[PDB]
Amino acid sequence: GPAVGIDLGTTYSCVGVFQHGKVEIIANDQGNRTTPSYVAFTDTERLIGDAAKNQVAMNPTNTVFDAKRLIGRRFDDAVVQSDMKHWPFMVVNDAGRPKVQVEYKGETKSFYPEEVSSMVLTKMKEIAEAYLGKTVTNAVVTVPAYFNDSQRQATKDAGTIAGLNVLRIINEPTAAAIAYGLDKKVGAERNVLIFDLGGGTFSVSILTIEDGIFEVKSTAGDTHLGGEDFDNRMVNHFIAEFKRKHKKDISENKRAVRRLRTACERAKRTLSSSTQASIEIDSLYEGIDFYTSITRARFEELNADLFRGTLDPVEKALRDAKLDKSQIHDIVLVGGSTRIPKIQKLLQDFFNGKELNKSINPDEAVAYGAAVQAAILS
Ligand SMILES: Nc1ncnc2c1ncn2[C@@H]1O[C@H](COP(=O)(O)OP(=O)(O)O)[C@@H](O)[C@H]1O
Ligand SMILES: [Mg+2]
């Protein structure tokens with residue numbers, strides 16, 4: 001059976017396989033090429049992926065996400081203490097280790113973060129198997145460059161309990177470089193910049209490649225900046241508009257808000273290709289149907305400061321690595337958010353017109369590289 005490459009992401013995961021010299025990003029049951037890192041527990045079942053995300057506004061306390069933020073970490077971790085203040089699900093301490101507590105089939109159950117991630121890992125695996133028409137065993141799973149040994153250990157473990165034989169854990173920026181073939185030996189040192197703007201995490205990494213050997217010279221970014229922050233700005237904008245037209249504040253109604261957010265995220269995706277998108281929501285609050293729309297222009301100004309601030313981590317990464325803009329040879333876009341036109345303009349302007357590597361879907365780049373790496377290791 002072919003070895004596969006898996007991008008176990010904070011908000012979205014993706015799986016690819018290298019066959020016949022070509023890499024293939026496998027679409028799921030719903031036809032999507034990336035699937036949410038969501039797990040939901042109900043009275044009758046355990047939902048994973050799209051099915052899980054497609055019901056979060058109905059089962060908030062029992063729909064788990066952001067497990068990547070917990071994995072390989074302790075409960076006493078300041079990160080965890082901060083993070084949990086925003087999760088609708090419970091996180092309990094267990095001999096120092098954090099566990100997520102949910103209600104499955106009427107009974108109260110808790111899971112270790114690596115158990116949650118294995119659930120997502122199993123979903124990717126079954127997706128691969130359904131496509132390949134054969135059982136998948138060996139795999140290469142990716143992890144951020146800043147993960148310590150504990151976090152990598154836990155990610156590896158999430159793999160074993162999923163029935164996956166993890167051939168190797170490689171960094172996400174490194175996987176992105178390999179996808180574009182920037183790992184080939186050209187008898188010279190090459191500086192590559194990875195700009196990763198995903199769903200809830202932002203990471204900039206500068207890699208130096210010589211004779212096939214990578215070297216993460218610098219890294220910067222924000223663990224709490226991603227495509228979700230852009231959705232929120234849209235939401236706040238519409239919560240205000242609704243109040244104008246219908247003099248009703250839907251803030252308190254968690255369901256109205258979550259349904260509006262889903263419509264915003266989708267409009268956002270459209271905005272990367274069109275200049276305007278319509279928001280059509282039936283019976284948002286009470287029996288009022290919310291029919292409206294946004295323009296790319298307005299979208300851009302609602303997120304202006306966020307988009308712009310994206311350059312700060314870029315400057316920092318540069319000075320740490322001790323390099324000038326002119327010294328970086330290649331720039332590769334990773335993450336779903338990099339499909340945004342204004343982000344591409346902004347970065348290009350910063351690197352004074354330099355060409356951006358973006359022929360491979362940024363949200364598939366990591367999986368793609370892992371799949372190639374899985375291939376060589378098998
Ligand atoms: N066309 C698009 N325009 C803007 N954002 C997009 C587009 N397609 C996907 N996204 C966003 O990408 C994010 C997911 O990014 P991804 O890199 O897949 O996640 P992760 O950070 O989990 O690795 C979401 O915020 C989603 O809205
Ligand atoms: Mg990612």
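The figures that follow rest on heavy atoms only: side chains count, while hydrogens, waters and symmetry mates do not. Counting starts at 1 for both ligands and their atoms, following the listed order. Sequential numbering from 1 along the given sequence is applied to the chain's residues.
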For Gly198, counting its heavy atoms only, list the atoms of ligand 1 lying under 4.0 Å from any of them.
13 (C), 15 (O), 17 (O), 21 (O)

Is ligand 1 under 4.0 Å from a heavy atom in the side chain of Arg339, in the backbone, in both, or in neither?
side chain

In terms of residue, atom name and distance, what is the protein heavy atom nearest to atom 7 (C) of ligand 1?
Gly336 O, 3.6 Å

Could you establish whether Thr34 and ligand 1 come within less than 4.0 Å of each other, counting only heavy atoms on the residue side?
no

Would you mind listing every salt bridge (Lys or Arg N to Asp or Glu O under 4.0 Å) that reaches into residues 129-139, with sequence neighbours excluded?
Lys125-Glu129

Is there a polar contact between ligand 1 and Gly199, counting only N or O atoms under 3.5 Å apart?
yes

With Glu114, which of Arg152, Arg97, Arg73, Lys156 fulfils salt bridge (charged side-chain N to carboxylate O under 4.0 Å, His left out)?
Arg97

Please identify which atoms of ligand 1 are closer than 4.0 Å to at least one heavy atom of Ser272.
1 (N), 2 (C), 3 (N), 4 (C)

For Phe307 and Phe230, I'd like to know if the aromatic rings sit close, meaning centre-to-centre distance below 6.0 Å.
yes

Hey, do the aromatic rings of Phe195 and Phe202 have their centres closer than 6.0 Å?
yes

Salt bridge or not for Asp320 and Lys316, using N-O below 4.0 Å?
yes

With a 4.0 Å cut-off on heavy atoms, does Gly226 reach ligand 1?
no

Contact atoms of ligand 1, heavy-atom distance to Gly335 under 4.0 Å
17 (O)

Go through it in stages, so that I can follow the logic: the residues are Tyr12 and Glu364, the test is side-chain hydrogen bond (donor to acceptor under 3.5 Å, both in side chains), and I'd like the CA-CA distance, side-chain angles, deciding distance and then a yes or no.
CA-CA 10 Å; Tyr12 284 89; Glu364 302 175 17; over 6 Å; no

Ligand 1 contact on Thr11 by region, counting heavy-atom pairs under 4.0 Å
both

Closest non-hydrogen protein atom to atom 23 (O) of ligand 1, residue and atom name please, with distance?
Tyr12 O, 3.9 Å

Is there any N or O on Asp7 that sits under 3.5 Å from an N or O of ligand 1?
no

Per-atom contacts, ligand 1 versus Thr10 - under 4.0 Å to a heavy atom
22 (O)

Results of side chain to side chain donor-acceptor pair (under 3.5 Å) for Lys68 - residues two or more places apart only
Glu172

For the pair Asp211 and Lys184, find out whether any cationic side-chain nitrogen is under 4.0 Å from an anionic carboxylate oxygen.
no

Which ligand 1 atoms does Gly227 reach within 4.0 Å, using its non-hydrogen atoms?
25 (O)

Close-contact set for ligand 1 against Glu265 heavy atoms, below 4.0 Å:
26 (C), 27 (O)

Assess the side chains of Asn28 and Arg33: does a donor N or O sit below 3.5 Å from an acceptor N or O?
no

